[PDB]
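Enquirer: First the structure, then my questions, so here it is.
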Amino acid sequence: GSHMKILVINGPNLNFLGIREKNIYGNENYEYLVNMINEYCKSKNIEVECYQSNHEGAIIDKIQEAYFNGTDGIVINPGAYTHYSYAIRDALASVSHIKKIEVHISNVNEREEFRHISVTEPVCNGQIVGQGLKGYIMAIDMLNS
Amino acid sequence: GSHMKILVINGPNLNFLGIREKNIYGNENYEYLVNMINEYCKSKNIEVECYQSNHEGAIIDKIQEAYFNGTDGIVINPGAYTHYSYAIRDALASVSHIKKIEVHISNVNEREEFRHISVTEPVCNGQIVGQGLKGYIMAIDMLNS
Amino acid sequence: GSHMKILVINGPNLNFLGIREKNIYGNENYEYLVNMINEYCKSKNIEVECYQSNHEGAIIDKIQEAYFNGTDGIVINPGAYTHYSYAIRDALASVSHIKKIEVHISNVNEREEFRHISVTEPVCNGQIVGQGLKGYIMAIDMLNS
């Protein structure tokens, strides 16, 4: 379309930014993240929707809806589903014409052992981790490059 | 009841048949599969409902509803949940008077390593894989035997 | 508040108590369990809500709602999600001011191998297993101690 269209998906527990450990996830809340993304995309003439759900199936539904509605790119932080949701992986793989960047706020490589492997990342075009909330901006830049 | 009653459950991403890789999943879409099942069951005087959801919990809800509504048999392709949903496994096991056949379209034994083991199949009465869409017909025949 | 407030969460398949194997799960149904909990808490001047869902995301939603509504303690039997839902684990960890007790009806240590490890228990304050339905009462007593 006339402007790039991006969907940002945040998975379970990410609506509790701020409430969760600030030394891991930073001082700012989910509303702050949404506003940051919205303002950045407006400054770049990018259409963006920020979506969050705790439900694995709703995330898959949202990815499928992106197939039909002109979405060019997805930025996704699957939350803990990153490490086990082969269903979200297959959803991401099913939208073969949508570029996808996986984001994690923290450096998941140095987190608990269960966070070290992502089952969604192998079907994504890229990824970013360990940059704080600005990782979402960096992911948008990867899609807009 | 007067005719056998079957529920066909398709799990996450199976509504994207056709859109997904045709050399894996075949040329035809989910509507085609539903129609194929419906027509076959009509020809055999079998009552059938085709259901699909991306939500693990909705699949479990649907299995539980089958307990109360006279369902004789379930054909289920759990999608990627096959490999990790012990919750769907326990749901299938909980309906001890309902015969169950697991279906996969592709030969999951020769897929990615994560697809090689099914955690749902040990509580099913049978299974079929690698036959394409006709595996669903074969599963119906197993239930109707 | 003026009385302790507890939320009891039962995960997938626990609404099928009674219907499931009685030699594993006991003779009594889910309604019986709810009534038992309600009566006990009334006798102790404890406010309680019993909640059940088969949906991983609804369980997470319910845990998050407990943050905002004055809940003091959660008793949770995550069902099969115990063994794989890092998303429920992170939800429980996110409510750092809510005491949490994990319950299992059966002795999960002597169940199938896949039931031997709980991924939710490391973020709970306690746990109880193998006591039958009275484990829920024991969990309430742990919270009320």
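Chain lettering (A, B, ...) mirrors the order of the structure tokens, residue numbering begins at 1 for each chain separately, and ligand numbering begins at 1 in order of display.
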Determine, counting only C-alpha atoms, which protein, DNA and RNA residues have an atom within 12 Å of an atom of residue 67 in chain C; residues of the same chain fewer than 5 positions away are not included. Present the result as a JSON list (two decimals) with N, CA, C and O atoms, in the first residue's frame.
Expert:
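Result file is out.json:
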[["chain", "number", "residue", "atom", "x", "y", "z"],
["A", 16, "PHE", "N", 2.32, -6.72, 31.51],
["A", 16, "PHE", "CA", 2.76, -6.45, 32.87],
["A", 16, "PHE", "C", 4.18, -5.87, 32.93],
["A", 16, "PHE", "O", 4.77, -5.83, 34.00],
["A", 19, "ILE", "N", 5.34, -3.66, 36.14],
["A", 19, "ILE", "CA", 4.96, -4.44, 37.28],
["A", 19, "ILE", "C", 5.98, -5.56, 37.51],
["A", 19, "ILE", "O", 6.39, -5.85, 38.63],
["A", 20, "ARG", "N", 6.42, -6.17, 36.43],
["A", 20, "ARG", "CA", 7.57, -7.09, 36.44],
["A", 20, "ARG", "C", 8.91, -6.44, 36.76],
["A", 20, "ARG", "O", 9.06, -5.24, 36.85],
["C", 5, "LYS", "N", -8.26, -13.06, 51.21],
["C", 5, "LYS", "CA", -8.87, -13.32, 49.93],
["C", 5, "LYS", "C", -7.98, -14.30, 49.13],
["C", 5, "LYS", "O", -6.83, -13.98, 48.82],
["C", 6, "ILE", "N", -8.60, -15.42, 48.78],
["C", 6, "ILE", "CA", -7.89, -16.49, 48.04],
["C", 6, "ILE", "C", -8.62, -16.75, 46.73],
["C", 6, "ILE", "O", -9.84, -16.79, 46.65],
["C", 7, "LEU", "N", -7.81, -16.99, 45.70],
["C", 7, "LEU", "CA", -8.28, -17.47, 44.40],
["C", 7, "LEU", "C", -7.76, -18.90, 44.23],
["C", 7, "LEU", "O", -6.56, -19.13, 44.34],
["C", 60, "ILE", "N", -3.71, -17.30, 32.68],
["C", 60, "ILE", "CA", -2.82, -16.16, 32.82],
["C", 60, "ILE", "C", -3.64, -14.88, 33.05],
["C", 60, "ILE", "O", -3.29, -14.08, 33.94],
["C", 61, "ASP", "N", -4.71, -14.67, 32.28],
["C", 61, "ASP", "CA", -5.56, -13.51, 32.49],
["C", 61, "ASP", "C", -6.06, -13.46, 33.94],
["C", 61, "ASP", "O", -6.10, -12.38, 34.54],
["C", 62, "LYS", "N", -6.47, -14.60, 34.46],
["C", 62, "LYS", "CA", -7.04, -14.66, 35.81],
["C", 62, "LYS", "C", -6.00, -14.33, 36.88],
["C", 62, "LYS", "O", -6.29, -13.66, 37.87],
["C", 72, "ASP", "N", -4.91, -12.07, 48.06],
["C", 72, "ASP", "CA", -3.75, -12.31, 48.93],
["C", 72, "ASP", "C", -2.97, -13.56, 48.54],
["C", 72, "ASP", "O", -1.75, -13.64, 48.72],
["C", 73, "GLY", "N", -3.72, -14.60, 48.10],
["C", 73, "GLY", "CA", -3.13, -15.90, 47.85],
["C", 73, "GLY", "C", -3.84, -16.60, 46.70],
["C", 73, "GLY", "O", -5.04, -16.43, 46.51],
["C", 74, "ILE", "N", -3.04, -17.40, 45.98],
["C", 74, "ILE", "CA", -3.53, -18.26, 44.91],
["C", 74, "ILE", "C", -3.18, -19.69, 45.25],
["C", 74, "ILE", "O", -2.03, -20.00, 45.59],
["C", 91, "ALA", "N", 3.56, -15.78, 34.60],
["C", 91, "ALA", "CA", 2.43, -15.06, 35.17],
["C", 91, "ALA", "C", 2.47, -15.13, 36.69],
["C", 91, "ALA", "O", 2.29, -14.12, 37.39],
["C", 92, "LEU", "N", 2.68, -16.33, 37.23],
["C", 92, "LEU", "CA", 2.75, -16.50, 38.69],
["C", 92, "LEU", "C", 3.91, -15.66, 39.26],
["C", 92, "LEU", "O", 3.77, -15.03, 40.31],
["C", 93, "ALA", "N", 5.05, -15.66, 38.57],
["C", 93, "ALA", "CA", 6.20, -14.89, 39.03],
["C", 93, "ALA", "C", 5.92, -13.39, 38.98],
["C", 93, "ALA", "O", 6.48, -12.63, 39.78],
["C", 94, "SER", "N", 5.07, -12.94, 38.06],
["C", 94, "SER", "CA", 4.81, -11.52, 37.86],
["C", 94, "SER", "C", 4.00, -10.90, 39.01],
["C", 94, "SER", "O", 4.03, -9.69, 39.12],
["C", 95, "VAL", "N", 3.29, -11.73, 39.77],
["C", 95, "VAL", "CA", 2.49, -11.26, 40.89],
["C", 95, "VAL", "C", 3.26, -11.55, 42.17],
["C", 95, "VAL", "O", 2.99, -12.46, 42.93],
["C", 96, "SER", "N", 4.30, -10.71, 42.37],
["C", 96, "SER", "CA", 5.29, -10.96, 43.40],
["C", 96, "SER", "C", 4.80, -10.73, 44.82],
["C", 96, "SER", "O", 5.52, -11.06, 45.76],
["C", 97, "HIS", "N", 3.65, -10.11, 44.97],
["C", 97, "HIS", "CA", 3.06, -9.85, 46.29],
["C", 97, "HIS", "C", 1.89, -10.77, 46.59],
["C", 97, "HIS", "O", 1.18, -10.55, 47.56],
["C", 98, "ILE", "N", 1.67, -11.80, 45.77],
["C", 98, "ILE", "CA", 0.62, -12.76, 45.97],
["C", 98, "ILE", "C", 1.28, -14.09, 46.32],
["C", 98, "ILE", "O", 2.06, -14.61, 45.56],
["C", 99, "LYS", "N", 0.94, -14.66, 47.48],
["C", 99, "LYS", "CA", 1.50, -15.96, 47.88],
["C", 99, "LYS", "C", 0.81, -17.04, 47.01],
["C", 99, "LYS", "O", -0.37, -16.94, 46.72]]
Enquirer: Could you pull out the residues in range 61-107 of chain C that DSSP calls alpha helix (DSSP H) from the backbone, as a list in words?
Expert: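 Restricting range 61-107 of chain C to alpha helix (DSSP H) produces residues 61, 62, 63, 64, 65, 66, 67, 68, 86, 87, 88, 89, 90, 91, 92, 93 and 94 of chain C.
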Enquirer: Please save N, CA, C and O atoms of the selected residues as a short mmCIF file (atom, residue, chain, number, x, y, z; two decimals), in the first residue's frame.
Expert:
data_model
loop_
_atom_site.label_atom_id
_atom_site.label_comp_id
_atom_site.auth_asym_id
_atom_site.auth_seq_id
_atom_site.Cartn_x
_atom_site.Cartn_y
_atom_site.Cartn_z
N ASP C 61 -4.71 -14.67 32.28
CA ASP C 61 -5.56 -13.51 32.49
C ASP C 61 -6.06 -13.46 33.94
O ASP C 61 -6.10 -12.38 34.54
N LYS C 62 -6.47 -14.60 34.46
CA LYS C 62 -7.04 -14.66 35.81
C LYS C 62 -6.00 -14.33 36.88
O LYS C 62 -6.29 -13.66 37.87
N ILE C 63 -4.77 -14.82 36.69
CA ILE C 63 -3.68 -14.49 37.59
C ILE C 63 -3.41 -12.98 37.57
O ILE C 63 -3.26 -12.33 38.60
N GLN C 64 -3.39 -12.40 36.36
CA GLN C 64 -3.18 -10.95 36.25
C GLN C 64 -4.32 -10.17 36.92
O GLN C 64 -4.07 -9.17 37.59
N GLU C 65 -5.56 -10.63 36.76
CA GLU C 65 -6.68 -9.92 37.38
C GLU C 65 -6.51 -9.93 38.91
O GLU C 65 -6.93 -8.97 39.58
N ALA C 66 -5.93 -11.00 39.46
CA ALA C 66 -5.72 -11.09 40.89
C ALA C 66 -4.77 -10.02 41.42
O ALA C 66 -4.87 -9.64 42.60
N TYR C 67 -3.86 -9.53 40.59
CA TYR C 67 -3.00 -8.41 40.97
C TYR C 67 -3.79 -7.19 41.36
O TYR C 67 -3.42 -6.46 42.27
N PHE C 68 -4.84 -6.90 40.60
CA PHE C 68 -5.57 -5.64 40.74
C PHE C 68 -6.70 -5.68 41.75
O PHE C 68 -7.17 -4.61 42.14
N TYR C 86 5.64 -22.46 30.59
CA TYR C 86 6.46 -21.38 31.08
C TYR C 86 5.70 -20.06 31.09
O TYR C 86 6.05 -19.14 31.83
N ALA C 87 4.65 -19.93 30.27
CA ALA C 87 3.84 -18.71 30.29
C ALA C 87 3.06 -18.58 31.61
O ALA C 87 3.00 -17.46 32.16
N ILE C 88 2.47 -19.66 32.11
CA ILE C 88 1.82 -19.60 33.42
C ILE C 88 2.86 -19.38 34.51
O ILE C 88 2.62 -18.62 35.46
N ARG C 89 4.03 -20.03 34.39
CA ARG C 89 5.10 -19.76 35.36
C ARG C 89 5.40 -18.26 35.44
O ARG C 89 5.47 -17.68 36.52
N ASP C 90 5.63 -17.64 34.27
CA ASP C 90 5.97 -16.22 34.29
C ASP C 90 4.80 -15.38 34.85
O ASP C 90 5.06 -14.36 35.50
N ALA C 91 3.56 -15.78 34.60
CA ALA C 91 2.43 -15.06 35.17
C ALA C 91 2.47 -15.13 36.69
O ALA C 91 2.29 -14.12 37.39
N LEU C 92 2.68 -16.33 37.23
CA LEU C 92 2.75 -16.50 38.69
C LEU C 92 3.91 -15.66 39.26
O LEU C 92 3.77 -15.03 40.31
N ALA C 93 5.05 -15.66 38.57
CA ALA C 93 6.20 -14.89 39.03
C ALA C 93 5.92 -13.39 38.98
O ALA C 93 6.48 -12.63 39.78
N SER C 94 5.07 -12.94 38.06
CA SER C 94 4.81 -11.52 37.86
C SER C 94 4.00 -10.90 39.01
O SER C 94 4.03 -9.69 39.12
#
Enquirer: What residues in chain A lie within 7 Å of chain C, counting only C-alpha atoms, written as a PyMOL selection string?
Expert: chain A and resi 12-13+20+54-56+80-81
Enquirer: What's the separation between CA of residue 129 in chain A and CA of residue 77 in chain A, in Å to one decimal place?
Expert: 9.8 Å
Enquirer: Please identify which residues in range 52-142 of chain B DSSP calls strand (DSSP E) from the backbone, and express them as a list in words.
Expert: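 Selecting the strand (DSSP E) positions of range 52-142 of chain B gives residues 52, 73, 74, 75, 76, 77, 99, 100, 101, 102, 103, 104, 126, 127, 128 and 129 of chain B.
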Enquirer: Generate a file of the selected residues that holds N, CA, C and O atoms, formatted as a tab-separated table (two decimals), in the first residue's frame.
Expert:
chain	number	residue	atom	x	y	z
B	52	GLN	N	-12.50	-26.55	13.66
B	52	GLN	CA	-11.09	-26.15	13.67
B	52	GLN	C	-10.92	-25.01	14.65
B	52	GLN	O	-11.78	-24.12	14.75
B	73	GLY	N	-17.03	-41.09	18.02
B	73	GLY	CA	-15.65	-41.11	17.59
B	73	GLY	C	-15.16	-39.70	17.29
B	73	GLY	O	-15.93	-38.86	16.84
B	74	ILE	N	-13.85	-39.52	17.54
B	74	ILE	CA	-13.15	-38.29	17.21
B	74	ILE	C	-12.01	-38.63	16.27
B	74	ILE	O	-11.23	-39.55	16.52
B	75	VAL	N	-11.93	-37.85	15.19
B	75	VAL	CA	-10.74	-37.80	14.32
B	75	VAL	C	-10.05	-36.49	14.67
B	75	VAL	O	-10.69	-35.46	14.60
B	76	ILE	N	-8.77	-36.53	15.05
B	76	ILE	CA	-8.12	-35.28	15.46
B	76	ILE	C	-6.74	-35.19	14.81
B	76	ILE	O	-5.91	-36.08	14.90
B	77	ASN	N	-6.50	-34.03	14.19
B	77	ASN	CA	-5.17	-33.60	13.79
B	77	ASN	C	-4.83	-32.43	14.70
B	77	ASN	O	-5.33	-31.32	14.48
B	99	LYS	N	-14.03	-43.35	20.84
B	99	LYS	CA	-12.89	-43.87	20.07
B	99	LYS	C	-12.20	-42.67	19.38
B	99	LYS	O	-12.87	-41.74	18.95
B	100	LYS	N	-10.89	-42.71	19.29
B	100	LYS	CA	-10.10	-41.57	18.80
B	100	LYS	C	-9.06	-42.02	17.81
B	100	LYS	O	-8.29	-42.95	18.10
B	101	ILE	N	-8.99	-41.34	16.69
B	101	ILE	CA	-7.95	-41.57	15.69
B	101	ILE	C	-7.20	-40.25	15.46
B	101	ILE	O	-7.84	-39.25	15.13
B	102	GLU	N	-5.88	-40.29	15.60
B	102	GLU	CA	-5.02	-39.14	15.29
B	102	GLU	C	-4.65	-39.20	13.82
B	102	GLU	O	-4.29	-40.25	13.31
B	103	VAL	N	-4.72	-38.04	13.15
B	103	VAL	CA	-4.35	-37.91	11.74
B	103	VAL	C	-3.27	-36.85	11.58
B	103	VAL	O	-3.35	-35.78	12.18
B	104	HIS	N	-2.32	-37.16	10.67
B	104	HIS	CA	-1.43	-36.13	10.14
B	104	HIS	C	-1.44	-36.27	8.61
B	104	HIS	O	-1.43	-37.39	8.09
B	126	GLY	N	-5.99	-45.14	17.51
B	126	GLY	CA	-5.27	-45.36	16.29
B	126	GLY	C	-4.65	-44.05	15.76
B	126	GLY	O	-4.99	-42.99	16.26
B	127	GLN	N	-4.14	-44.28	14.62
B	127	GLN	CA	-3.56	-43.14	13.97
B	127	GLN	C	-3.33	-43.47	12.52
B	127	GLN	O	-3.18	-44.64	12.16
B	128	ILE	N	-3.17	-42.36	11.77
B	128	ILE	CA	-2.79	-42.39	10.37
B	128	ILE	C	-1.96	-41.19	10.02
B	128	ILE	O	-2.35	-40.06	10.33
B	129	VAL	N	-0.93	-41.44	9.24
B	129	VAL	CA	-0.14	-40.33	8.79
B	129	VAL	C	0.26	-40.51	7.34
B	129	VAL	O	0.27	-41.62	6.80
Enquirer: Of the candidates A:123, A:133, A:46, A:105, which shows the shortest atom-to-atom distance to residue 32 in chain A, using only C-alpha atoms?
Expert: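 Among the listed residues, the smallest separation from residue 32 in chain A belongs to A:133.
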Enquirer: If you measure from CA of residue 143 in chain B to CA of residue 11 in chain B, what distance in Å do you get, rounded to one decimal?
Expert: 19.5 Å
Enquirer: Quick check, in Å to one decimal: how far apart do CA of residue 137 in chain B and CA of residue 3 in chain B lie?
Expert: 17.1 Å
